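> As they sit in the full assembly, here are the leading chains:
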Amino acid sequence: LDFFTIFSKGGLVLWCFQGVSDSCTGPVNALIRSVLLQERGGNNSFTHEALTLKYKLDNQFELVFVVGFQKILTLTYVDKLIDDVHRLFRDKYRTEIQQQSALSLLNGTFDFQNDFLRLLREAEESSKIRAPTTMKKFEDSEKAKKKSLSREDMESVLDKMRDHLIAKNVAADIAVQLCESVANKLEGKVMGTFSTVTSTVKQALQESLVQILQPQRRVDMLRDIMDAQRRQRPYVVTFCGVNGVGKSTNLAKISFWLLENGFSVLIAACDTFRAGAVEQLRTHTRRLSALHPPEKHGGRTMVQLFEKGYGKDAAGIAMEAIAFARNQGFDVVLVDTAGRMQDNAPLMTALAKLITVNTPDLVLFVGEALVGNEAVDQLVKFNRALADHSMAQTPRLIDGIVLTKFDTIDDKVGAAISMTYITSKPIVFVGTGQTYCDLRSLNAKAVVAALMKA
Amino acid sequence: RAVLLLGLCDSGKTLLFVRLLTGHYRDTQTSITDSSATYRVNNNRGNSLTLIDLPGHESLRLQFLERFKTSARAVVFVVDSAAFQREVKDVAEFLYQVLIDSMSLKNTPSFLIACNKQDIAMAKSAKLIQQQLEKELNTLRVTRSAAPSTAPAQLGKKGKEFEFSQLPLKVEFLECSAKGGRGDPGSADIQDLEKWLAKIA
Amino acid sequence: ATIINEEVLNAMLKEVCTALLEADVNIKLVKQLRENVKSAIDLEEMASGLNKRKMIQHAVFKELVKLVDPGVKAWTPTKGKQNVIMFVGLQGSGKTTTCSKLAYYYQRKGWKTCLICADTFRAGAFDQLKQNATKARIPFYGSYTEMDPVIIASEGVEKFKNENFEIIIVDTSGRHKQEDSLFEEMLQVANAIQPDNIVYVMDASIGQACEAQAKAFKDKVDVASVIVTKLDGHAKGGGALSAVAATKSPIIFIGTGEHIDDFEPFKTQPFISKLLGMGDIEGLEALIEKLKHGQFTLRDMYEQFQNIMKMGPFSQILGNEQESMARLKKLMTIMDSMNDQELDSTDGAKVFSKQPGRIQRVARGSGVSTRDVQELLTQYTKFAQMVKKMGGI
Amino acid sequence: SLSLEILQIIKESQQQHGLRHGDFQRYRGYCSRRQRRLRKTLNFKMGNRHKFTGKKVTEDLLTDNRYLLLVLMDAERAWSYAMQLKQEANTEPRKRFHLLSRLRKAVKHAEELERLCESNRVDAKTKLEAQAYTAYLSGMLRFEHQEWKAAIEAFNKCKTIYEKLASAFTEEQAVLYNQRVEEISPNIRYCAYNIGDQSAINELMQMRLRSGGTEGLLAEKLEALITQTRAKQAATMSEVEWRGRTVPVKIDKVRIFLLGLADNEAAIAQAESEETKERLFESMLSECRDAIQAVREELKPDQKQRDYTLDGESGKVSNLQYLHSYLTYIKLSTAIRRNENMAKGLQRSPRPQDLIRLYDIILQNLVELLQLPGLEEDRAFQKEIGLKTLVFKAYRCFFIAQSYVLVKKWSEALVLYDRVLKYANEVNXXXXXXXXXXXXX
Amino acid sequence: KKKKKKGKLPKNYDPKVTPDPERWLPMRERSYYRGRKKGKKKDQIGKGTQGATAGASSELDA
Amino acid sequence: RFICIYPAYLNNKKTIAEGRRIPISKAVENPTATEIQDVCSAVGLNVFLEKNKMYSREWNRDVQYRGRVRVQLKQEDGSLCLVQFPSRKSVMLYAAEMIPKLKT
């Protein structure tokens, strides 16, 4: 054990002895990020790039115990350790941790070094001798030849809740991970007599759903447009997704919204394989120009379509569009790409090469509200294709999710949750129709209420 | 009643919370849940106020802010001066959200912006931070244009540069930093905070 | 006892539930299938010992084969009368590409096919149809001016009836139950053209949400066989079965690619194999006719001797015998000693004569019969000669 | 005269084929596919139809600088399969045995490659990398087999080789190697913890003397190898100068070498006339401006990163462009010297106007030469020298413009000449005497 | 925007009237079509762009 | 209470599992019941032979493999009839040794 720490849920370190061996700069912050967003289903194991990590939660006194060991594989004693000392600590300081107020924690002191050292050396001595493999293997050969909440009590409702989430278009693996996270969140926690177990678990599950569906900061494209205009360089947005997700319609909606906000746009086309896509975008451009005359905005053009015909490579067309926008001083370029199946490797390689070459400011994955159990796989494939094809560390991944066709179900919204689980990035826009005015944002409370109203 | 501590992630809210209570340095991590503790004013009266610290992570700010807005009598906002340049948009957005939430209250709470990490040399001055906040909030109001897919409030009369003077709130600024070196061992810099707490008491 | 067998069955059923839910299959159908398979297993009261999981996989495979098709034969085009097929579905289902693929497929079958579009709300719709038709070199109809789908469809179908086209395909924009105007437009189009078939196309990736849309489509207008698309991807299309339950109609074709040539008729075995994930399935007055043909085997002799011994004494029919009964029973034993391959063989004498080892085995399995075997062979040959003589006359 | 960067190749292969997120199966598949592609391309077929004849690469074969990559990929595939077996051994202990076998193969391949690097044909830098890789593989194999002494010795050898290699190169190039040392840092510690931390100190003290006595000859010979490799690399293939000390991997450096040789082939060739080199001067200018554009092609994304945040500092973004700009400005200065030679060969009205236009051009060029390092402000003597040249050229231009033959301005040229005489004296023989005579007349 | 292009300049100036209109087009677009397999209709259906837009001999009625 | 002897015990080609009781080298080829009876009769007159019954493991139906031998080694009073051969092994090895001499 090269690192160990015990601290409360309030973010206050209680006791640690890392010393010069390791520094708690951000090995526990990463674990906190994992436990808050994209909850860990690895059964109390985390793989930080520097070294592995193990955590244990105690909801009775809202405490956590983290142990960091090097990437080199250790023995099976560590988990046993994280149990026993836990009880020992719970035995040693009952009075301080049982109080709701945090003032007692600050007032109290913990001389826990000696007992923890004794436990660690006992565990190491036990791990020094391990020669029970032969007996276990021989036995396997013979066999082959031949108040507080308990997990078992809350299992039933759990699975029924899981079934409900399955009814709400949530992915099966996503539902299992969420149920495991909720179960970890409620282990031995005291429960009031007025409330019921089902009510408490439902409230905890809906709180977790609100938390996960409330992703990282809501940074908007509109504010970043002015920042891009500060250096007078075009702001590049790229749309990616599988076939049949309404990329063109959402592109038209976003262009119309930008024109209403008062910014010139340039629509770059790359749907060469798609029949009639160029003329579709041309019709959209004609409609937008009819709605917004150039002279009303000051005599300058607002929306222009950039294409090179069918069959041409998408990366070259995108680069030419970027250069043309820079020369003409267009505020924002929106790039439309043909839908690509996730299992088709060459298309993924081409898309990743285009993204790397054109280095767009924003990347938007256009998903489907109707799809279920497949959005997670598509997101995984897209993210891994974008990651492995970029040699630089911390590669450019998907930065925005656009959910369309939301006005066709209104009850099976759980699919969105799956996406918000598989990627921590927020949902920027939600499509709710086919007209140019059906481009709204996401309300977390309404989505959760509709998800769990039944 | 209760005084809320708000800020971004790793903004130092827990450090100030423990400093105002025990006066000793304690190692801290990122907040996961709230923490409420009763603190007496150093004055002769020694009145008690409930200091409540809320996690600064963006996945939990709004829930706790809307859940504890009613109980709060005074609101304290913490901004990292050293890391302000990279996170100006984030602090501006959070300030806009908290201002909108505060304006809904029947009783208007006192508002304080306390720059943190001031013990470092790269930290900016209070007036510079105030001017940057004014400049950013001038456009942040305009940037609010989207369909909520379900009651908007304006911080200015649509015609003038946004200023804290026109706001119906008492907004104060000060300089405070308690981490170590110059801060904790040498001489604590939280006396302005306790003076302001006594003034608002 | 089957004590641990019940637990093993429950664990395997849970694993199958997880696998099927990972295959985008409706939870209600999964629970119904679980109930049916558990009832079937309890009816069997026994599990196959050949393999622990093979029996369960075969049972669930048979259950899915029963569930996938309603049993109604798929509709087929009729020569001599023009057949009108109207394509319906949801947005993004790829109905236009499916229309192009089906038109090309029927053209490859020797048919006079044509395409008509009613999609007018979607911008840039007719151009795609034009490009797909000229790619496949098939006549098409449409216009950029008129916006009412009903009149366009009526004019196109009338003109192609004048042109005497065998097959007419009419495509309309995808729609959802929320917008009633699109549904009433579909109803008006159906009234105007009176389509022969109404094919509903749904994406394979869509699951647990398309059931309501399929039910609404069936309720408002008549429906026909459905076509699944985008099967070339990772999606197995497990939800489409629910759509079948909403329509009680089979599947005629599948879409396994972006190019127009990727279009194949539906087959149940590959679909269920993909859904399961392994697809490991193993499949396994006469007397008068034989008398007329004159073919005589050892089976007939054995049956005759069994009937004779069942009858009993021959003096009863007519109205020493013990030795006759002993000879009969020893002959029956020696004829039951050998295998059925020699018994059912047409010419037992030849297969015996070619291999004396067969005689050795027969002698091993019964008494010595060092002379009885050849005596029985001679008697069988005489009986066969009598049988062929009778058959000749 | 052929070299291969083992560590860079293996790292760039791993980071782009599933090892980035911790997957080994697809990495092994890619390694096998690349092996098949290399064997197909080089026609190194060892097994034909209905037969198999494993053959080893000889010294004469490896002249293509790619046969070593075959053995390297074999070793990498074996190592990847071993790591996958290690990951999977938790479910089934039996796999561990299989794991051992794979390692027994992998080190062998590496050692074979080592015996393929003994030839003088391959460069020493490849030899050092091969030795380090073989030592690392052997140490990992011994650590897996619970052999602490051999593993710790091999790991110490690998760490020493890697740190020597990192010190041999620049700070920018060495960081990757440092990272590798970090990747080997924890395991070594664990080996010491396996000793017991009581006899470990004595073992380390004895190991220091063992390395000094037994490997001391090897240590000094590898140090000499590193020194000679660095010397020959700087003399032949790489370039080391005051600016852009980092070795440019781009091919355009060779162009600079050509330019460099052209310089030492130009000045000797042209003594006074310098007329025949004007076309050569234009060709050199075209080549150097093409090199500048090629450098800017990779410069621009770094310029974007610099513009993004103020955290990024100088000294890396504009380390190679400035040397090329300096070369171009030096070539322009030589051209202006040629123009001055032509002018002094001579002794009509538009000619001084054209000369003043050229002088303005050189003033702008020297302004840019001051600005670019001045924008960087890395050093300070360069700006001083550039400003001295700039003021000298400005004074020369003023003297040319104010010549009484050039300018017929009575009572005005004399005042300007008198005013500029003080500036010329501050900046500071035949030119001065001619200017004084012109002012007097 | 005017640029001079190098090449067979004497043979470019021999006509001095106009070059071939389809001077930069693929072989299968050329009038001669350079067709080793003139038809290849099924091959073009199997691989290539989903839809090719050109002059249509099929029925086009509005 | 005579002890039983069969020709299959003295056959070398038969395996030990199929009835062989002596090493192959000491055995003979295709022994018959009459040979064993006559060779053992030269020592004891208590042996009597029948031919209408055969050994169980003898699947083949042959005359030379048919028949059996009864030999009395005990006088049924607690004393050996002949002290020379106290066990069946001695009798069978003697018969196996004496068979080739008469067969020649």
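In hand now; what should we look at? Numbers count the residues shown, from 1 in each chain, chains lettered A, B, ... in the order given.
> Might you report the residue contacts of the nearest residue to residue A:339 once chain neighbours are set aside?
Excluding the flanking residues, the one nearest residue A:339 by C-beta to C-beta, 6 or more residues apart in numbering or on different chains is residue A:243, at 3.3 Å. For the C-beta atoms, the positions are set from N, CA and C on the backbone; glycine is no exception. Neighbour list for residue A:243: A:338-341, C:94, C:230, C:258 [criterion: C-beta atoms under 8 Å, 6 or more residues apart in numbering or on different chains].
> residue nearest the centroid of chain E?
Residue closest to the average C-alpha location in chain E (C-alpha atoms, centre = their mean): residue E:29, at 3.1 Å.
> From residue A:311, how far off is that one?
11 Å (C-beta to C-beta, to the nearest Å).
> wait, the residue nearest to the centre of chain E sits on residue E:23?
No. With contact defined as C-beta atoms under 8 Å, residue E:29 and residue E:23 do not form a contacting pair (11.6 Å).
> could you say which helix or strand contains whatever residue of chain B ends up closest to chain C?
Of all residues in chain B, residue B:149 sits closest to chain C, at 15.2 Å by C-beta to the nearest C-beta. Here residue B:149 sits in a region with no helix or strand, counting by DSSP states H and E.
> So what's the residue count around it?
16 (other C-beta atoms under 10 Å in any protein chain shown).
> Apart from its neighbours in sequence, what residue is nearest it?
Using C-beta to C-beta, 6+ apart, the closest residue to residue B:149 is residue A:440 (3.6 Å).
> Look up how far chain D lies from that neighbour.
32 Å (C-beta to the nearest C-beta, to the nearest Å).
> RNA strand G follows; place it on the structure:
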RNA sequence: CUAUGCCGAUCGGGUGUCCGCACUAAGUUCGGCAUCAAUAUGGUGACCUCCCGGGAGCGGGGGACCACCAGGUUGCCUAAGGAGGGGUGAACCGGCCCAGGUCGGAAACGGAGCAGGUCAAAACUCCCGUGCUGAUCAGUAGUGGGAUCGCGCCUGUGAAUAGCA
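Once RNA strand G is put in with the chains from before, the structure reads:
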């Protein structure tokens, strides 16, 4: 000599569209052949050698060597060789269960063994995995040239571009 263009106004260099191109990188698809051994314990089946007892069928016990299945620890194996899954088991000679019949016996009961059924453990064969092999293609893309009177990009700067008689 009149007049021409407008800030780059003259003069130029790379590229990209282009090729019956050459070649590579990175992928898709379809075939061929190949797929180890020791040792530790236990089990199964042949074959072989010793005994103990009995009137037989037979019973009791210990070894020999081979094949094969589980499967302990391994390697001077490997190009690679997993303790992976499956079929067939024949004609009639791989087991196991063996009705009837047959044989041993007074009987109890046993033995050989067919049919038939059955199979962790005869043999053969297939699938996956692994290695090696040929073949396969472009809604993957990159310099190596050719091509280049335009159309699209990147870089250059003089004042000098085309009529007159």
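> hmm, back to that, for the residue nearest to the centre of chain E, what are its contacts?
Contacts of residue E:29 by C-beta under 8 Å, 6+ apart are residue E:22.
> Kindly recompute the last result at 10 Å.
By C-beta atoms under 10 Å, 6 or more residues apart in numbering or on different chains, residue E:29 lies in contact with E:22, E:54.
> any idea how far it lies from chain B?
48 Å.
> Chain F: helices as residue ranges?
Along chain F, counting by DSSP state H, helices occupy F:33-41, F:88-103.
> Among these, which comes closest to chain D?
helix F:88-103 (51.0 Å).
> Show me what that closest one is packed up against.
strand F:3-5, helix F:33-41, strand F:66-71 (3 or more C-beta pairs under 10 Å, 6 or more residues apart in numbering or on different chains; DSSP states H and E).
> Apart from its chain neighbours, what residue comes closest to residue B:3?
Leaving aside its chain neighbours, residue B:3 sits nearest to residue B:74 (4.7 Å; criterion: C-beta to C-beta, 6+ apart).
> swap in residue B:38?
residue B:48 (5.1 Å).
> Confirm for me that the one you found is in contact with residue B:42.
No. Counting by C-beta atoms under 10 Å, residue B:48 does not reach residue B:42; the two are 11.8 Å apart.
> And what about residue C:199, helix, strand or coil?
strand (DSSP: H, G, I helix; E, B strand; the rest coil).
> Make sure it is actually in contact with residue C:222.
No. Assessed by C-beta under 10 Å, residue C:199 is found out of contact with residue C:222, at 11.3 Å.
> can you count the residues close to residue C:173?
Residues near residue C:173, counting by other C-beta under 10 Å: 21.
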